[PDB]
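Dropping input07.tsv in here (TSV, C-alpha atoms and all ligand atoms):
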```
chain	number	residue	atom	x	y	z
A	1	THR	CA	-8.18	-32.43	-48.90
A	2	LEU	CA	-5.03	-34.61	-48.91
A	3	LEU	CA	-7.00	-37.16	-50.92
A	4	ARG	CA	-10.70	-36.27	-50.77
A	5	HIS	CA	-10.72	-33.91	-53.73
A	6	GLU	CA	-8.23	-36.20	-55.38
A	7	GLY	CA	-11.07	-38.71	-55.97
A	8	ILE	CA	-9.42	-41.45	-53.89
A	9	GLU	CA	-12.19	-43.60	-52.39
A	10	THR	CA	-11.18	-45.27	-49.08
A	11	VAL	CA	-12.71	-48.22	-47.24
A	12	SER	CA	-12.83	-49.18	-43.57
A	13	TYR	CA	-11.94	-52.87	-44.00
A	14	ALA	CA	-8.53	-54.40	-44.70
A	15	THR	CA	-7.68	-54.92	-48.36
A	16	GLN	CA	-4.60	-55.76	-50.40
A	17	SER	CA	-4.10	-52.19	-51.67
A	18	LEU	CA	-3.21	-49.10	-49.62
A	19	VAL	CA	-2.74	-45.40	-50.19
A	20	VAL	CA	0.41	-43.82	-48.88
A	21	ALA	CA	-0.11	-40.12	-48.33
A	22	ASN	CA	2.90	-37.88	-48.74
A	23	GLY	CA	4.65	-41.00	-50.01
A	24	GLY	CA	4.36	-39.89	-53.61
A	25	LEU	CA	6.76	-38.58	-56.22
A	26	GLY	CA	5.28	-35.07	-56.10
A	27	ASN	CA	6.50	-35.06	-52.54
A	28	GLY	CA	10.17	-35.76	-53.13
A	29	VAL	CA	9.75	-39.32	-51.94
A	30	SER	CA	12.07	-41.66	-53.91
A	31	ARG	CA	11.12	-45.20	-54.89
A	32	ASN	CA	14.43	-46.36	-53.45
A	33	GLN	CA	13.33	-44.83	-50.19
A	34	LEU	CA	9.70	-45.89	-49.85
A	35	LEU	CA	9.88	-49.45	-51.17
A	36	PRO	CA	12.61	-50.53	-48.65
A	37	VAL	CA	10.11	-49.55	-45.94
A	38	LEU	CA	6.89	-50.96	-47.36
A	39	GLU	CA	8.62	-54.34	-47.76
A	40	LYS	CA	9.18	-54.38	-43.98
A	41	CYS	CA	5.65	-55.76	-43.54
A	42	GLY	CA	5.41	-58.30	-46.29
A	43	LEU	CA	5.56	-59.06	-49.99
A	44	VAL	CA	4.88	-56.00	-52.11
A	45	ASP	CA	3.19	-56.98	-55.38
A	46	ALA	CA	3.40	-53.46	-56.85
A	47	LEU	CA	4.24	-49.88	-55.94
A	48	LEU	CA	2.29	-47.34	-58.03
A	49	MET	CA	3.77	-43.86	-58.01
A	50	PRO	CA	1.92	-41.46	-60.28
A	51	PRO	CA	4.00	-38.44	-61.27
A	52	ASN	CA	3.47	-35.00	-59.69
A	53	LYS	CA	1.26	-36.56	-57.01
A	54	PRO	CA	1.68	-36.22	-53.20
A	55	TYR	CA	0.92	-39.90	-52.83
A	56	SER	CA	1.52	-43.48	-53.98
A	57	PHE	CA	-0.27	-46.86	-53.90
A	58	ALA	CA	1.01	-50.11	-52.47
A	59	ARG	CA	-0.45	-53.59	-52.91
A	60	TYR	CA	0.60	-56.57	-50.81
A	61	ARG	CA	0.42	-60.28	-51.66
A	62	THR	CA	-2.20	-60.80	-49.00
A	63	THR	CA	-4.45	-58.56	-46.97
A	64	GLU	CA	-2.81	-59.91	-43.83
A	65	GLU	CA	0.42	-58.12	-44.70
A	66	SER	CA	-1.40	-55.12	-46.06
A	67	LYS	CA	-3.27	-54.90	-42.74
A	68	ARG	CA	-0.01	-55.02	-40.83
A	69	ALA	CA	1.24	-52.09	-42.92
A	70	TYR	CA	-1.79	-49.96	-42.05
A	71	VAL	CA	-1.19	-50.49	-38.37
A	72	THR	CA	2.59	-50.23	-38.16
A	73	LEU	CA	3.29	-47.50	-40.73
A	74	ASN	CA	0.74	-44.78	-39.96
A	75	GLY	CA	2.57	-41.90	-38.31
A	76	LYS	CA	5.91	-43.24	-39.53
A	77	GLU	CA	8.36	-40.64	-40.79
A	78	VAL	CA	10.61	-40.66	-43.83
A	79	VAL	CA	13.15	-38.36	-45.49
A	80	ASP	CA	12.46	-36.81	-48.92
A	81	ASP	CA	15.02	-35.58	-51.49
A	82	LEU	CA	15.34	-32.28	-49.59
A	83	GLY	CA	16.04	-34.13	-46.36
A	84	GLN	CA	12.95	-32.83	-44.59
A	85	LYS	CA	10.63	-34.77	-42.25
A	86	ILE	CA	7.29	-35.82	-43.71
A	87	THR	CA	4.66	-37.99	-42.09
A	88	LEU	CA	3.18	-40.94	-43.93
A	89	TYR	CA	-0.48	-41.90	-43.67
A	90	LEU	CA	-1.91	-45.11	-45.08
A	91	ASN	CA	-5.47	-46.12	-45.78
A	92	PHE	CA	-7.22	-49.08	-47.42
A	93	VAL	CA	-8.57	-48.65	-50.95
A	94	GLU	CA	-10.82	-51.00	-52.92
A	95	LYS	CA	-9.77	-49.47	-56.27
A	96	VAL	CA	-6.60	-47.79	-57.41
A	97	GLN	CA	-7.70	-44.61	-59.18
A	98	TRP	CA	-7.39	-40.83	-58.87
A	99	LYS	CA	-8.52	-37.52	-60.39
A	100	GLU	CA	-6.33	-35.44	-62.74
A	101	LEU	CA	-7.03	-31.70	-62.84
A	102	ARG	CA	-5.60	-29.05	-65.15
A	103	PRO	CA	-6.68	-25.46	-64.39
A	104	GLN	CA	-7.11	-23.18	-67.37
A	105	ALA	CA	-6.90	-19.80	-65.69
A	106	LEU	CA	-5.14	-17.99	-62.85
A	107	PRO	CA	-7.05	-17.84	-59.55
A	108	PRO	CA	-9.81	-15.22	-59.72
A	109	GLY	CA	-8.32	-11.86	-58.78
A	110	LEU	CA	-4.72	-12.68	-59.57
A	111	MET	CA	-3.12	-10.67	-62.38
A	112	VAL	CA	0.44	-10.61	-63.75
A	113	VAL	CA	1.74	-7.42	-65.31
A	114	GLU	CA	4.76	-8.24	-67.47
A	115	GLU	CA	7.69	-5.98	-68.30
A	116	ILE	CA	6.58	-3.27	-65.87
A	117	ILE	CA	10.07	-1.77	-65.71
A	118	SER	CA	12.95	-1.65	-68.22
A	119	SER	CA	16.17	-3.64	-67.88
A	120	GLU	CA	17.96	-0.49	-66.80
A	121	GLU	CA	15.44	0.43	-64.08
A	122	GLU	CA	15.72	-3.13	-62.74
A	123	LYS	CA	19.50	-2.79	-62.29
A	124	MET	CA	18.88	0.44	-60.39
A	125	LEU	CA	16.27	-0.88	-57.95
A	126	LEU	CA	18.55	-3.83	-57.31
A	127	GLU	CA	21.64	-1.71	-56.55
A	128	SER	CA	19.54	0.39	-54.13
A	129	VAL	CA	20.54	-1.89	-51.28
A	130	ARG	CA	16.47	-15.72	-46.78
A	131	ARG	CA	17.21	-12.00	-46.25
A	132	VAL	CA	14.21	-9.78	-45.38
A	133	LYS	CA	13.83	-6.03	-44.82
A	134	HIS	CA	10.71	-4.16	-43.74
A	135	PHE	CA	9.65	-0.57	-44.59
A	136	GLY	CA	6.60	1.42	-43.48
A	137	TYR	CA	6.25	-0.87	-40.49
A	138	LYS	CA	2.34	-3.92	-35.30
A	139	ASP	CA	0.27	-1.26	-37.10
A	140	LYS	CA	0.93	1.08	-34.18
A	141	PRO	CA	4.70	1.71	-34.47
A	142	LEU	CA	5.53	3.01	-37.98
A	143	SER	CA	8.62	4.60	-39.55
A	144	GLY	CA	9.42	7.67	-41.68
A	145	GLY	CA	7.75	5.96	-44.63
A	146	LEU	CA	8.54	4.24	-47.92
A	147	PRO	CA	11.76	5.21	-49.75
A	148	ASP	CA	11.71	7.84	-52.53
A	149	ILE	CA	12.80	5.54	-55.35
A	150	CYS	CA	9.59	3.64	-54.61
A	151	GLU	CA	7.10	6.45	-53.97
A	152	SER	CA	7.66	7.33	-57.63
A	153	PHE	CA	7.25	3.98	-59.34
A	154	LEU	CA	4.17	3.50	-57.18
A	155	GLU	CA	2.67	6.77	-58.32
A	156	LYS	CA	3.44	5.81	-61.90
A	157	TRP	CA	1.70	2.45	-61.34
A	158	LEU	CA	-1.50	3.99	-59.96
A	159	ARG	CA	-1.28	6.81	-62.52
A	160	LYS	CA	-1.88	4.10	-65.12
A	161	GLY	CA	-4.24	1.71	-63.40
A	162	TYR	CA	-2.13	-1.33	-62.52
A	163	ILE	CA	-3.02	-0.66	-58.92
A	164	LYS	CA	-5.74	1.57	-57.46
A	165	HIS	CA	-4.65	1.66	-53.79
A	166	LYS	CA	-1.51	3.52	-52.78
A	167	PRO	CA	0.54	1.27	-50.47
A	168	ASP	CA	2.47	2.36	-47.38
A	169	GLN	CA	4.13	-0.89	-46.32
A	170	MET	CA	6.85	-2.81	-48.15
A	171	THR	CA	8.82	-6.04	-47.66
A	172	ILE	CA	12.06	-6.99	-49.46
A	173	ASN	CA	12.67	-10.70	-50.18
A	174	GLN	CA	15.90	-12.00	-51.73
A	175	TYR	CA	16.10	-15.67	-52.70
A	176	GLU	CA	19.20	-17.68	-53.47
A	177	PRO	CA	19.37	-20.89	-55.52
A	178	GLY	CA	17.59	-23.27	-53.15
A	179	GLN	CA	15.60	-21.00	-50.85
A	180	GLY	CA	11.87	-20.35	-50.92
A	181	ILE	CA	8.93	-19.12	-48.86
A	182	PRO	CA	6.52	-21.56	-47.13
A	183	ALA	CA	2.89	-21.55	-48.30
A	184	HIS	CA	0.90	-18.96	-46.40
A	185	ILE	CA	-1.87	-16.38	-46.64
A	186	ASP	CA	-1.41	-12.67	-45.83
A	187	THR	CA	-3.35	-11.79	-42.69
A	188	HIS	CA	-6.83	-10.54	-43.44
A	189	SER	CA	-7.12	-8.32	-40.38
A	190	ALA	CA	-3.76	-6.67	-41.24
A	191	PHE	CA	-3.25	-5.48	-44.83
A	192	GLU	CA	-6.03	-4.16	-47.08
A	193	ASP	CA	-7.31	-6.12	-50.14
A	194	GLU	CA	-5.09	-5.34	-53.18
A	195	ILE	CA	-1.44	-6.52	-52.85
A	196	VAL	CA	1.38	-6.23	-55.39
A	197	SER	CA	4.81	-7.80	-55.74
A	198	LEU	CA	7.58	-6.63	-58.05
A	199	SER	CA	9.93	-9.44	-58.82
A	200	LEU	CA	13.44	-8.64	-60.00
A	201	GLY	CA	16.56	-10.71	-60.44
A	202	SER	CA	15.54	-14.00	-62.02
A	203	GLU	CA	12.53	-16.16	-62.91
A	204	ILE	CA	10.62	-18.14	-60.28
A	205	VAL	CA	7.43	-20.14	-59.83
A	206	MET	CA	4.78	-19.68	-57.13
A	207	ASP	CA	2.29	-22.18	-55.78
A	208	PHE	CA	-1.29	-20.96	-55.38
A	209	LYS	CA	-3.64	-23.55	-53.92
A	210	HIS	CA	-7.43	-23.42	-53.46
A	211	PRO	CA	-8.63	-24.74	-50.07
A	212	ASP	CA	-10.30	-27.70	-51.84
A	213	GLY	CA	-7.26	-28.89	-53.83
A	214	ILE	CA	-6.88	-26.90	-57.08
A	215	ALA	CA	-3.12	-26.23	-57.38
A	216	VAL	CA	-1.87	-23.64	-59.84
A	217	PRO	CA	1.87	-22.91	-60.31
A	218	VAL	CA	2.28	-19.39	-61.68
A	219	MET	CA	5.35	-18.18	-63.61
A	220	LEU	CA	6.70	-14.87	-62.29
A	221	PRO	CA	9.11	-13.42	-64.89
A	222	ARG	CA	11.65	-10.66	-64.28
A	223	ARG	CA	10.53	-7.03	-64.13
A	224	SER	CA	6.96	-8.30	-63.71
A	225	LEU	CA	4.41	-6.98	-61.24
A	226	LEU	CA	2.27	-9.67	-59.53
A	227	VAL	CA	-1.09	-8.16	-58.63
A	228	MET	CA	-3.42	-10.24	-56.49
A	229	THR	CA	-6.78	-9.17	-55.13
A	230	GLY	CA	-10.14	-10.67	-54.16
A	231	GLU	CA	-10.51	-14.44	-53.97
A	232	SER	CA	-6.82	-14.92	-54.79
A	233	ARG	CA	-5.48	-12.75	-51.94
A	234	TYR	CA	-8.08	-13.85	-49.45
A	235	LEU	CA	-8.81	-17.53	-50.20
A	236	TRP	CA	-5.95	-18.97	-52.22
A	237	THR	CA	-2.53	-19.30	-50.65
A	238	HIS	CA	0.78	-18.68	-52.32
A	239	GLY	CA	4.28	-20.03	-51.71
A	240	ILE	CA	7.70	-20.86	-53.22
A	241	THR	CA	8.79	-24.46	-52.90
A	242	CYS	CA	12.49	-24.85	-52.07
A	243	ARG	CA	14.54	-26.09	-55.07
A	244	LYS	CA	17.33	-25.15	-57.51
A	245	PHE	CA	15.50	-26.05	-60.71
A	246	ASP	CA	11.86	-26.09	-61.86
A	247	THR	CA	9.79	-27.23	-64.84
A	248	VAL	CA	8.82	-24.58	-67.37
A	249	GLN	CA	7.13	-24.10	-70.73
A	250	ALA	CA	9.75	-25.26	-73.25
A	251	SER	CA	8.47	-22.59	-75.66
A	252	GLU	CA	7.66	-18.88	-75.18
A	253	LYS	CA	4.81	-17.12	-71.03
A	254	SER	CA	4.11	-15.18	-67.80
A	255	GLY	CA	1.41	-17.43	-66.37
A	256	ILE	CA	0.07	-20.89	-65.54
A	257	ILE	CA	1.72	-23.58	-67.62
A	258	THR	CA	0.30	-27.06	-67.13
A	259	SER	CA	1.63	-30.40	-68.37
A	260	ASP	CA	0.85	-32.55	-71.42
A	261	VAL	CA	0.27	-29.43	-73.50
A	262	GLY	CA	3.63	-29.23	-75.25
A	263	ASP	CA	7.29	-29.61	-74.27
A	264	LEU	CA	8.87	-29.32	-70.82
A	265	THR	CA	12.41	-28.19	-69.92
A	266	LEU	CA	14.36	-27.25	-66.79
A	267	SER	CA	15.56	-23.86	-65.54
A	268	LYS	CA	17.90	-22.89	-62.67
A	269	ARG	CA	16.67	-19.99	-60.60
A	270	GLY	CA	19.30	-17.41	-59.70
A	271	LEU	CA	19.24	-14.52	-57.22
A	272	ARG	CA	15.65	-13.28	-56.90
A	273	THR	CA	14.59	-10.15	-55.07
A	274	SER	CA	10.97	-9.19	-54.62
A	275	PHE	CA	9.27	-5.98	-53.52
A	276	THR	CA	5.92	-6.78	-51.91
A	277	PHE	CA	3.83	-3.65	-51.37
A	278	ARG	CA	0.80	-3.71	-49.05
A	279	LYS	CA	-1.63	-1.25	-47.45
A	280	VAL	CA	-2.37	-1.70	-43.71
A	281	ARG	CA	-6.08	-1.43	-42.86
A	282	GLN	CA	-7.45	0.07	-39.68
A	283	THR	CA	-10.95	-1.46	-39.88
A	284	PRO	CA	-11.67	-5.18	-39.31
A	285	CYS	CA	-12.22	-7.37	-42.39
A	286	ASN	CA	-15.58	-8.77	-43.47
A	287	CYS	CA	-14.70	-10.49	-46.71
A	288	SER	CA	-16.66	-13.43	-48.15
A	289	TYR	CA	-14.13	-15.89	-46.82
A	290	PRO	CA	-14.71	-16.07	-43.10
A	291	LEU	CA	-13.02	-19.43	-42.70
A	292	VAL	CA	-9.53	-18.05	-43.44
A	293	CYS	CA	-10.30	-14.79	-41.76
A	294	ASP	CA	-9.22	-14.00	-38.21
A	295	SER	CA	-11.05	-10.72	-38.12
A	296	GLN	CA	-14.30	-12.71	-38.45
A	297	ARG	CA	-13.12	-15.87	-36.64
A	298	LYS	CA	-12.78	-13.74	-33.48
A	299	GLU	CA	-16.48	-13.15	-32.93
A	300	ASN	CA	-16.91	-16.82	-32.14
A	301	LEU	CA	-14.98	-19.21	-29.90
A	302	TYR	CA	-16.01	-22.07	-32.21
A	303	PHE	CA	-13.22	-21.15	-34.65
A	304	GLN	CA	-10.59	-20.01	-32.11
A	401	LIG	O1	6.16	-12.89	-54.34
A	401	LIG	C1	6.97	-12.84	-53.28
A	401	LIG	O2	7.93	-13.58	-53.23
A	401	LIG	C2	6.71	-11.84	-52.17
A	401	LIG	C3	5.26	-11.92	-51.65
A	401	LIG	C4	5.15	-12.83	-50.43
A	401	LIG	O3	4.74	-13.96	-50.55
A	401	LIG	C5	5.54	-12.33	-49.06
A	401	LIG	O4	6.64	-11.86	-48.86
A	401	LIG	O5	4.65	-12.43	-48.04
A	402	MN	MN	2.56	-13.29	-48.87
A	403	ZN	ZN	-10.97	-11.56	-44.19
```
Would you put the structure from the file into structure tokens?
Amino acid sequence: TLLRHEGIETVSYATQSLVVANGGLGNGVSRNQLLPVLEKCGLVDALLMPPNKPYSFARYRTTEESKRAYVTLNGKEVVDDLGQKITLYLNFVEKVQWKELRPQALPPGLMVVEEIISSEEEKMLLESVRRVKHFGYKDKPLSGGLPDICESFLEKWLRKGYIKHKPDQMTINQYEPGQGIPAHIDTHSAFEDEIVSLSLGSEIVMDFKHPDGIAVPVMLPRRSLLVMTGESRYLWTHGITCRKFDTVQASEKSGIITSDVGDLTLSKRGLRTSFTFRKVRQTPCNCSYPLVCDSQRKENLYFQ
């Protein structure tokens, strides 16, 4: 979906314009970094770099040079602002155009309970102990169980209705200014459906992405309980992109804030600790999302 959903039509014959994948601004690729490369094949008439996009567009003076770029730059590697290693992929385009999408609701199933605990309770939970610690649990070897300070809050949560499935497994995640968790999807054949995460410490933004291309950055405020179930916990994937700052609604909002709707400002994330509670399931899964399911992808070598 690197460019299919994006509405980027590609052709199989050499043209003056190309499409550099992963060579975009929304990928930490600097113009002072990409251009010096692209010009290693010929005269570059223009270098289009749309904001918040994982790709850019390059046009050469003549298709001869543009053709040389397609053949000597595919597979090439470059360093982003983080200093990581990303692979560049080029392709010929007959028109420079793309699709802009702005989601208007959190992924189906995802819910965000705000101000679940008071400022005092937060301080407590914090002082009760990237770094990671497991509790409850390899669904065969388990431990004494979840701590007492948690068994309560949990009961209080399900007493209300914020969650209707008492967990038994917990994972502690503490992030420091710059850390983050790589996009993933909790194993289907492991933990039950409903999953909740209590985020304390400081604000942070998560990246939920639909398998087709719909990306939705959620805003997880302090003392808030992230509750994801259904399509959001099975199909969509979440993550935390490494960084020390991140765009936010320059106004009030625990949720999805898109661009071109008002004002944007920056915010530095501090120390963030999260309590992710899950419920291990004994039975195999049979959700409506077999493609991202290993419990279902096992009854057929095709997928394996
Ligand atoms: O929201 C968090 O940071 C914790 C949930 C999570 O993605 C995990 O630890 O698998
Ligand atoms: Mn997870
Ligand atoms: Zn499944």
Given the choices A:296, A:192, A:78, A:23, which gets closest to residue 52 of chain A if the distance is worked out from only C-alpha atoms? A:23
Take the point (-3.2, -0.8, -64.6) as written in the file and pick out every residue within 12 Å of it, counting all atoms listed in the file; give the list as number ranges by chain. A: 111-114, 116, 154-165, 196, 225-227
Within 7 Å of ligand ZN 403 (chain A), counting all atoms listed in the file, which protein or nucleic acid residues do you find, written as a ChimeraX atom specification? /A:188-189,234,285-287,289-290,292-296
Near-ligand residues for ligand LIG 401 (chain A), threshold 8 Å, all atoms listed in the file, as a ChimeraX atom specification: /A:171-173,181,184-186,196-199,206,226,238-240,273-276
Give as number ranges by chain every residue, naming chains and numbers as the document does, that has an atom within 10 Å of (-1.2, -25.4, -66.3), counting only C-alpha atoms. A: 101-106, 215-218, 249, 255-261
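Minimum distance to residue 66 of chain A across A:42, A:145, A:167, A:211 (counting all atoms listed in the file) occurs at A:42.
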Set up a box along x, y and z of the file covering all listed atoms of segment 168-179 of chain A, add 8 Å on every one of the six sides, and write the centre and edge lengths in Å to one decimal, as lines of an AutoDock Vina configuration file.
```
center_x = 10.9
center_y = -10.5
center_z = -50.9
size_x = 32.9
size_y = 41.6
size_z = 25.2
```
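Closest approach to residue 24 of chain A among A:127, A:9, A:121, A:81: A:81, based on only C-alpha atoms.
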Need the shell around residue 109 of chain A: protein/DNA/RNA residues with any atom at most 7 Å away, counting only C-alpha atoms. Skip same-chain ones fewer than 3 positions apart. Format as a VMD selection string? chain A and resid 228 to 232
Could you check how far atom CA of residue 208 of chain A sits from atom CA of residue 126 of chain A, in Å to one decimal? 26.3 Å
By how many Å are atom CA of residue 271 of chain A and atom CA of residue 148 of chain A apart? 24.1 Å
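From atom CA of residue 134 of chain A back to atom CA of residue 220 of chain A, the distance works out to 21.8 Å.
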Residue nearest ligand MN 402 (chain A) - candidates A:245, A:170, A:264, A:253, atoms counted: all atoms listed in the file: A:170
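Among the candidates A:204, A:183, A:18, A:248, the one nearest to residue 74 of chain A when counting only C-alpha atoms is A:18.
Ranking A:237, A:300, A:251, A:62 by their shortest atom-to-atom distance to ligand MN 402 (chain A), with only C-alpha atoms and all ligand atoms included, puts A:237 first.
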When you look at residue 7 of chain A with a cut-off of 9 Å (counting only C-alpha atoms), what residues show up, excluding the ones that are within fewer than 4 positions of it in the same chain? I need them as a ChimeraX atom specification. /A:3,97-100
Spatial neighbours of residue 37 of chain A, max dist 9 Å, all atoms listed in the file, sep filter under 4 positions, as a PyMOL selection string: chain A and resi 33+41+73
